[PDB]
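Take a look at the structure below.
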Amino acid sequence: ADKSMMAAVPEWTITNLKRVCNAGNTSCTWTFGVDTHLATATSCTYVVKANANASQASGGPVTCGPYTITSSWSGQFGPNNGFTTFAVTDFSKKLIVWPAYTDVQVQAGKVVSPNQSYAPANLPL
Amino acid sequence: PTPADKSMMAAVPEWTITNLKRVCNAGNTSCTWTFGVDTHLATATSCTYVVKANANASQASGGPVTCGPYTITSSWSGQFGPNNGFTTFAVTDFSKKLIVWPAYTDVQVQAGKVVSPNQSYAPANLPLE
């Protein structure tokens, strides 16, 4: 009866992800790859800017390869639990994933390890 | 040595979003979304989620709103043009550290139509403390 929106494809792996913010936290640069395991991986540089707290700001849309990427941060669970969610959409495939990283994971500017993978969903555009 | 890549998909039944609809007021300054969240492990939770704006509440980000065990936010994107507008919810169960992102096109929900069949989504782990 229900319709699963999960696509029958390999999980997309977000590779070598890191966040580096400048001294004033007015710019944060996220760098990562998107490896679908079905095509050449795409390297992404994704810059978010704000007058203050760029680490908390919503970003995009940015186009990287076949992907349209946005992001948003949530402090809904308090500051120890802040986390950023990306929306990574391949319009041509009508597929989307939402990689979500806590501030704890990224705050030192070190690469997140292990790389994390996510099951894409169909977006019936 | 390098740890193997890690799937964030939890080994749980997909959460089904039931009877989803959106009703907006005449001026589109407030939209009320109603739906259930059925995890298949407990009675489904009936939710009411209101998004307000000075204009275009159907395009506005909303939340956080608490509905039972869930914390819900939403955002809208017209990145692909207005015919392809779509809303994405973030539905988190903090206690379980699980999150899903149901996403509905503007076509699906226009005029208060109920989305059918009900759509299900695989939750991801969110490594909160």
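Which chain is which? The protein sequence lines are B and A, in order.
For the first sequence, position 34 matches number 57 in PDB author numbering, and the numbering has no gaps at all.
For the second sequence, position 127 matches number 147 in PDB author numbering, and the numbering has no gaps at all.
Yeah, the Cβ is synthetic: ideal placement off N, Cα and C, and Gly gets one too.
Please check if any C-beta of chain A sits within less than 8 Å of the C-beta of residue i.
| i | result |
| --- | --- |
| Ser66(B) | no |
| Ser50(B) | no |
| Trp35(B) | no |
| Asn39(B) | no |
| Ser115(B) | no |
| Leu146(B) | yes |
| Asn103(B) | yes |
| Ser95(B) | yes |
Against chain B, does residue i count as a neighbour if the rule is that its beta carbon must be under 8 Å from one of theirs?
| i | result |
| --- | --- |
| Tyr141(A) | yes |
| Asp25(A) | yes |
| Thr125(A) | yes |
| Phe55(A) | no |
| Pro137(A) | yes |
Take the Cβ of residue i as the centre, count every other Cβ of all protein chains shown within 10 Å, and call the residue buried at 16 or more, exposed below.
| i | result |
| --- | --- |
| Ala62(A) | exposed |
| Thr68(B) | exposed |
| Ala144(A) | buried |
| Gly98(A) | exposed |
| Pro102(A) | exposed |
| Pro23(A) | exposed |
Does DSSP classify residue i as helix, strand or coil?
| i | result |
| --- | --- |
| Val32(B) | coil |
| residue 178(B) | An answer regarding residue 178(B) cannot be provided, because it is not within the stretch 24 to 148 covered by chain B. |
| residue 154(A) | What is shown of chain A runs 21 to 149, which leaves residue 154(A) out entirely. |
| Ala77(A) | helix |
| residue 172(A) | Because residue 172(A) is not part of the residues shown, which for chain A are 21 to 149, the question remains open. |
| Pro84(A) | strand |
Since residue i and residue j should fall inside the 8 Å C-beta cutoff, what is the C-beta to C-beta distance between them, to a whole number of angstroms?
| i | j | result |
| --- | --- | --- |
| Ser136(B) | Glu34(B) | With a Cβ gap of about 17 Å, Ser136(B) and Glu34(B) do not count as contacting. |
Taking 7 Å as the cut-off, is the beta-carbon of residue i closer than that to any non-hydrogen atom of the ligand HEM?
| i | result |
| --- | --- |
| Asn48(B) | No copy of the ligand HEM occurs in the structure displayed, which carries no ligand at all. |
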